[PDB]
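Q:
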Amino acid sequence: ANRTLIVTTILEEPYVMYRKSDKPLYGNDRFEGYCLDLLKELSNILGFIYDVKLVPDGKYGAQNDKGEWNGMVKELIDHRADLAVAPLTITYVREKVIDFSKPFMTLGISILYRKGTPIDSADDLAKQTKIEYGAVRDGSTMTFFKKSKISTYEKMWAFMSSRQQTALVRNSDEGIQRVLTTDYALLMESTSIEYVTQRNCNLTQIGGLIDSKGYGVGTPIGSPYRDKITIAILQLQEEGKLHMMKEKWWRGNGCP
Ligand SMILES: N[C@@H](C[C@]1(C(=O)O)C[C@H]2OCC[C@@H](O)[C@H]2O1)C(=O)O
Numbered sequence: 415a416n417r418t419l420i421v422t423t424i425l426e427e428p429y430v431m432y433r434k435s436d437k438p439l440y441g442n443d444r445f446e447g448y449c450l451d452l453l454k455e456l457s458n459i460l461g462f463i464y465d466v467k468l469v470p471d472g473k474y475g476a477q478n479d480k481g482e483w484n485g486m487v488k489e490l491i492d493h494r495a496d497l498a499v500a501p502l503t504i505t506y507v508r509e510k511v512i513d514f515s516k517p518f519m520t521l522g523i524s525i526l527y528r529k600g601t652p653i654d655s656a657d658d659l660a661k662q663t664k665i666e667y668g669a670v671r672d673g674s675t676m677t678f679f680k681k682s683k684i685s686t687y688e689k690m691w692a693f694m695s696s697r698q699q700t701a702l703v704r705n706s707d708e709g710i711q712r713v714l715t716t717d718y719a720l721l722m723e724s725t726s727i728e729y730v731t732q733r734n735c736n737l738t739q740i741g742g743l744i745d746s747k748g749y750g751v752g753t754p755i756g757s758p759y760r761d762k763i764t765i766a767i768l769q770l771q772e773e774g775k776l777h778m779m780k781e782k783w784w785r786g787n788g789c790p
């Protein structure tokens, strides 16, 4: 039999979540979400079974000054996992070190905050001095700011970095809690803003999308699975299955 593939992933609603049950759940059955449904589909098309393993350091992945990676990206570089199936952003810096499938979803960075402020854009947010802001540490949103040559975003990076231990949160849940309880706005991918703002009516998007990019399945460079995964993603795309999965996990509209 084909060796069981190791899948690295991360908890992120509604992609990967703990299933609620009154009885014990083991192995893959502990998890549900868009990315678990994606895995069920891809594995049917490619002919494998898999073992879902949450990334030990709880990070998506960024590189330090020494060029060392962490998170799911590191798991792939180091051949600890065969695939990363998660809301994993396809980026230039990552594509140089891992192989991504074609995208299965598109999105862009935007701002999550509470309601009732005059802040209407990143420019407004960077300029004002009442509300703090940040991003999840060691994800692509942090990296977008770190790498930006756009003045507003350079200032925003310098601010986030100056108070990093502070402004950069461990994960999206900590970020959302910080938005709800303190004067802090979270730079967040739009598909997650769409999800949370239809569930918590105290939350809102500020401004539009600041960029546009995709999520892809990650594999180590040279993986004999990447092309097969790409072909399967295109099948699911064209058959309307990715759209159906999005509707399933985001439905419906809960806030004015
Ligand atoms: N997709 C990103 C991870 C993350 C982000 O950096 O925006 C981290 C997390 O940030 C808040 C919600 C959603 O935007 C999540 O995306 C990555 O592949 O590095």
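As numbered in the entry's author numbering, residues 415 to 529, 600 to 601, 652 to 790 make up the sequence shown, in order. Each residue gets a CB set at the ideal place from its N, CA and C atoms; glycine is no exception.
#1: On the DSSP letters alone, give me the boundaries of the beta strand (DSSP E) that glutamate 723 sits inside.
#2: Quick check: the stretch 685-705 against the stretch 666-674, are there 3 or more CB pairs under 8 angstroms?
#3: Would a C-beta distance cut-off of 8 angstroms place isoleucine 763 and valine 751 closer than the cut-off?
#4: Tell me which residue opens and which closes the alpha helix (DSSP H) that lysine 467 is part of.
#5: Going by beta-carbon coordinates alone, are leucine 521 and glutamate 723 separated by less than 8 angstroms?
#6: Within the continuous alpha helix (DSSP H) that includes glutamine 698, where are the two ends?
#7: Around the C-beta of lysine 454, are 16 or more other C-beta atoms found within 10 angstroms, so that it is buried, or is it exposed?
#8: Please list, in chain order, all residues of the same chain as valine 507 whose beta carbon is under 8 angstroms from its beta carbon, the five residues on each side excluded.
#9: How about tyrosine 474: is its Cβ closer than 7 angstroms to a heavy atom in ligand 1?
#10: Determine the direct distance from the alpha carbon of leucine 721 to that of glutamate 708, and round the result to whole angstroms.
#11: Determine the direct distance from the alpha carbon of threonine 601 to that of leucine 502, and round the result to whole angstroms.
#12: Are there 16 or more other CB atoms within 10 angstroms of the CB of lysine 480, so buried, or fewer, so exposed?
#13: Under the criterion of a Cβ to heavy atom distance below 7 angstroms, does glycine 741 qualify as lining ligand 3?
#14: Would you call the stretch 776-790 and the stretch 460-468 in contact, with 3 or more CB pairs under 8 angstroms?
#15: Nearest CA to the CA of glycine 742: which residue from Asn458, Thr725, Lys516, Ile420?
#16: Considering just the uninterrupted stretch of the alpha helix (DSSP H) at residue 829, what are its terminal residues?
#17: Leaving aside the five residues before and after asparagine 736 along the sequence, list all residues of the same chain whose C-beta is less than 8 angstroms from its C-beta, in chain order.
#18: Under 7 angstroms from any heavy atom of ligand 1, does the C-beta of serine 706 make it?
#19: By the three-class DSSP mapping on this structure, what secondary structure does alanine 498 have?
A: Well, looking at it:
#1: Residue 723 sits at position 189 when you count from the first residue of the sequence shown. Note, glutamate 723: beta strand (DSSP E), 718-723.
#2: yes
#3: Here the question's residue 763 lines up with position 229 in the sequence shown. Here the question's residue 751 lines up with position 217 in the sequence shown. Yes.
#4: Along the sequence shown, read from residue 1 onward, the residue named residue 467 stands at position 53. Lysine 467 -> not in any alpha helix (DSSP H); beta strand (DSSP E) instead, spanning 464-468.
#5: Within the sequence shown, the letter at position 107 stands for residue 521. Within the sequence shown, the letter at position 189 stands for residue 723. Yes, they are a contact pair.
#6: Stepping through the sequence shown from its first residue, residue 698 is reached at position 164. Its alpha helix (DSSP H) spans residues 698-701.
#7: As a position in the sequence shown, residue 454 is number 40, starting the count at 1. Flag for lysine 454 reads exposed.
#8: The residue given as residue 507 occupies position 93 in the sequence shown. Cβ neighbours of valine 507 beyond the five flanking positions: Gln477, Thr677, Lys681.
#9: Working through the sequence shown from its first residue, we reach residue 474 at position 60. Checking the Cβ of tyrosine 474 against ligand 1 gives yes.
#10: As a first step, residue 708 must be located in the sequence shown, where it is residue number 174. As a first step, residue 721 must be located in the sequence shown, where it is residue number 187. Taking the straight line joining both Cα atoms gives about 13 angstroms.
#11: To locate residue 502, count along the sequence shown from 1; it is residue 88. To locate residue 601, count along the sequence shown from 1; it is residue 117. When rounded, the distance between both Cα atoms is 31 angstroms.
#12: The residue you call residue 480 lines up with position 66 of the sequence shown. Flag for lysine 480 reads exposed.
#13: With respect to ligand 3, the structure shown offers nothing to examine, as its ligands consist of ligand 1.
#14: no
#15: Along the sequence shown, one-based indexing puts residue 742 at 208. It is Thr725.
#16: Lying before the first or after the last residue shown, residue 829 is absent from the chain, which here runs from 415 to 790.
#17: By 1-based counting over the sequence shown, the position of residue 736 is 202. Excluding residues within five positions, the ones whose Cβ falls inside 8 angstroms are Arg528, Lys529, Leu714.
#18: By one-based count along the sequence shown, residue 706 stands at place 172. Result yes, Cβ under 7 angstroms from ligand 1.
#19: Position 84 of the sequence shown, counting from 1, holds the residue named residue 498. DSSP places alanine 498 in the strand class (E or B) of the three-state scheme.
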